[PDB]
Amino acid sequence: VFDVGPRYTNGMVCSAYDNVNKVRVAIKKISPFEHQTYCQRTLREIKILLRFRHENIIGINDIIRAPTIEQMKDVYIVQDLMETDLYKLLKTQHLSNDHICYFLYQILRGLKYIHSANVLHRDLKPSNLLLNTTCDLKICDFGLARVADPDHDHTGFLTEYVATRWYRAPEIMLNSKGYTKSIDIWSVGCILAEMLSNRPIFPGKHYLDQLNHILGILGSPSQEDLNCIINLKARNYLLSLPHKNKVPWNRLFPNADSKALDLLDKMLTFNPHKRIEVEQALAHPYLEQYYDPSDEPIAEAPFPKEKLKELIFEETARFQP
Ligand SMILES: *CCC(=O)NCc1nn(C)c2ccccc12
């Protein structure tokens, strides 16, 4: 059953012709009501995406559902048609330095807006960056997004985490809940590295292997950076490891633009406090062809299951005839 009224003709995803605006669209079927976690993430995404309005963030064009809570078993979310995503594109296409630069610009431009709303995406990765045939880029999937909460970021060593392993910042495995903006910049750095070589930079195979990969390239954290980790189990883990030297970025990425590698270095900084912020990244020389802060807008203001289905029903009311 993929039931999108008569408006759209010709969980599960599908393209479809929109008969009111005469353009094809994307439509995603969400059958979330059988699982609490599906419900929370569905509501969080809808609320965020309906509030956001930005060229580099996917919009919601329409939501299709039954006219009553009792009859509502699925929700269909209608979005702008985007041919592909950066995951699919990297599996077959070499990117020119110009394409890398432009994609990175648009990721950071979109992220500036998200962070300006005090929201963290928390699962940036190539498959969450949609592209069209003219290489317009739009960030999607806000199912794991949270309002930033730096005063409650601390946690113990080896705390389980939900977001995609290969794009997790080192501190997630050590002492962080992923409640600060620096979590997203690490993921962007991973994406930049992946654009440079078409391969994930830190493809860990399980939770602690991810930190092994990171330390294998950045090398051992400095004394200063360790002194910032008060958590004893995390600190002592790091002190137990043999000394590892930094792998120079220009050896890992011999064809890369030197300015790209300087910015990469700043996004993939071990210590999240020293990590570059989104606005500094936009102002970096690598992006000087595009940087224009007047044209990098910010958000106008900061942003059980039975009540969750009611909340989703209420949140989707404005699209009803
Ligand atoms: C954020 C991940 C996601 O929703 N991917 C599914 C998807 N694939 N295309 C080509 C899309 C276009 C518009 C919206 C969602 C799309």
Side-chain angles (χ1 to χ4, degrees), residues 56 84-112 121 124-131 134-139 164-170 181-204 209-222 225 244-272 274-292 296:
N56 300 117
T84 192
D85 63 55
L86 186 61
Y87 173 84
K88 299 179 179 162
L89 191 69
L90 293 176
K91 71 187 174 214
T92 50
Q93 303 304 319
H94 170 86
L95 308 192
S96 76
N97 177 63
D98 286 336
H99 285 264
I100 297 179
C101 189
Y102 182 50
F103 288 155
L104 183 64
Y105 179 63
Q106 290 183 84
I107 295 164
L108 290 166
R109 181 171 182 260
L111 194 62
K112 177 186 176 185
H121 180 286
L124 294 168
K125 61 182 174 174
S127 62
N128 291 333
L129 304 178
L130 308 177
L131 301 157
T134 51
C135 303
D136 293 319
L137 178 152
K138 296 184 190 300
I139 301 165
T164 314
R165 183 179 323 108
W166 297 350
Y167 305 87
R168 292 175 190 161
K181 289 170 184 178
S182 67
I183 207 74
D184 281 336
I185 295 298
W186 179 275
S187 303
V188 178
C190 291
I191 295 162
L192 172 57
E194 196 166 340
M195 288 195 288
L196 290 168
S197 72
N198 295 83
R199 301 194 66 156
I201 185 175
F202 309 127
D209 195 37
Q210 190 57 36
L211 183 65
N212 302 348
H213 274 262
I214 297 167
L215 296 184
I217 295 303
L218 276 50
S220 303
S222 70
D225 286 352
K244 310 178 179 121
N245 310 107
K246 177 171 193 65
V247 173
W249 298 116
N250 75 316
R251 296 189 208 165
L252 212 52
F253 302 108
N255 307 325
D257 183 294
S258 60
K259 292 183 182 171
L261 300 182
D262 185 77
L263 180 50
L264 182 63
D265 181 69
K266 290 175 165 59
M267 294 195 293
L268 298 185
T269 291
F270 177 85
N271 183 334
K274 295 179 181 169
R275 200 170 300 146
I276 196 168
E277 297 203 350
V278 65
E279 289 171 304
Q280 292 174 289
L282 284 161
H284 183 277
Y286 183 57
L287 299 172
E288 230 75 269
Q289 297 166 311
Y290 291 106
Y291 182 49
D292 178 2
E296 292 155 8

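We use all heavy atoms of the structure for the numbers below, so side chains are in, but hydrogens, waters and symmetry mates are not. All residue numbers refer to positions in the sequence shown, counting from 1.
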Review point. Can you find a side-chain donor-acceptor pair between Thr164 and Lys125 that sits under 3.5 Å?
Key: yes
Exercise for review: Take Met267 and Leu263 through the test side chain to side chain contact (heavy atoms under 4.5 Å, CB included) and record every step on the way to the result.
Suggested key: CA-CA 6 Å; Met267 294 195 293; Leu263 180 50; 4.2 Å; yes
Study note, to complete from the structure: Of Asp98, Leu89, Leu108, the one forming a side chain to side chain contact (heavy atoms under 4.5 Å, CB included) with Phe103 is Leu89
Revision key, fill the gap. For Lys112 and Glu279, the nearest pair of non-hydrogen atoms, with its separation, is CE-OE2, 3.6 Å
Pair up each side-chain donor or acceptor in residues 182-198 with any protein partner under 3.5 Å, not counting sequence neighbours, and list the distances.
from, atom 1, to, atom 2, distance (Å)
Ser182, OG, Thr180, OG1, 3.0
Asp184, OD1, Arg122, N, 2.9
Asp184, OD2, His115, NE2, 2.8
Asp184, OD2, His121, N, 2.9
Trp186, NE1, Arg168, O, 3.3
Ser187, OG, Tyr167, O, 2.9
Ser187, OG, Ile183, O, 3.3
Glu194, OE1, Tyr167, OH, 2.6
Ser197, OG, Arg199, N, 3.3
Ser197, OG, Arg199, O, 3.3
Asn198, ND2, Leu90, O, 3.0
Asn198, ND2, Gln93, O, 2.9

Review point. Does the side chain of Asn250 reach to within under 4.5 Å of the side chain of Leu261, using non-hydrogen atoms?
Key: yes
Exercise for review: Step by step, work out the side chain to side chain contact (heavy atoms under 4.5 Å, CB included) result for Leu130 and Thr84.
Suggested key: CA-CA 6 Å; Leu130 308 177; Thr84 192; over 6 Å; no
Exercise for review: Might you point out which heavy atoms bring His284 and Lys266 nearest each other, and give the distance in Å?
Suggested key: CD2-CD, 4.4 Å
Review point. Going by an N to O cut-off under 4.0 Å, is there a salt bridge joining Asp85 and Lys91?
Key: no
Exercise for review: Apply side chain to side chain contact (heavy atoms under 4.5 Å, CB included) to the pair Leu282 and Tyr105, showing each step before the final yes or no.
Suggested key: CA-CA 7 Å; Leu282 284 161; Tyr105 179 63; 3.7 Å; yes
Point to revise | Note, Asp265 side chain near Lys246 side chain (heavy atom, < 4.5 Å) | key: yes
Review point. How long is the span from the CG atom in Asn255 to the CZ atom in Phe253, to the nearest 0.5 Å?
Key: 10.5 Å
Practice item. Report yes or no: does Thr269 contribute a side-chain atom to a donor-acceptor pair with the main-chain N or O of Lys274 at less than 3.5 Å? Key: no
Review point. What's the shortest heavy-atom distance between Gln106 and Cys135, and which atoms?
Key: NE2-O, 3.1 Å
**Study point:** Nearest-0.5 Å distance, CG of residue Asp136 to OH of residue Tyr102
**Key:** 5.0 Å
Point to revise | Side-chain donor/acceptor of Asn56 to backbone N/O of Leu137, under 3.5 Å | key: yes
Side-chain polar contacts of residues 210-218 - donor-acceptor pairs under 3.5 angstrom, sequence neighbours left out - could you list them?
from, atom 1, to, atom 2, distance (Å)
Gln210, OE1, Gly204, N, 3.0
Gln210, NE2, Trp166, O, 3.3
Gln210, NE2, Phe202, O, 2.8
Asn212, ND2, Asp209, OD1, 3.1
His213, NE2, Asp209, OD2, 3.4

Check your understanding: Would you call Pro221 and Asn271 a side-chain contact if the rule is heavy atoms closer than 4.5 Å?
Key -> no
Exercise for review: Calculate, to the nearest 0.5 Å, the distance between atoms CG and CG belonging to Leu129 and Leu86 respectively.
Suggested key: 5.5 Å
Exercise for review: Take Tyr286 and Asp262, measure what side chain to side chain contact (heavy atoms under 4.5 Å, CB included) needs, and give me the verdict at the end.
Suggested key: CA-CA 8 Å; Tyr286 183 57; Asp262 185 77; over 6 Å; no
Review point. Which distance, rounded to the nearest 0.5 Å, do you find between the CD1 of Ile100 and the CG of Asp257?
Key: 9.0 Å
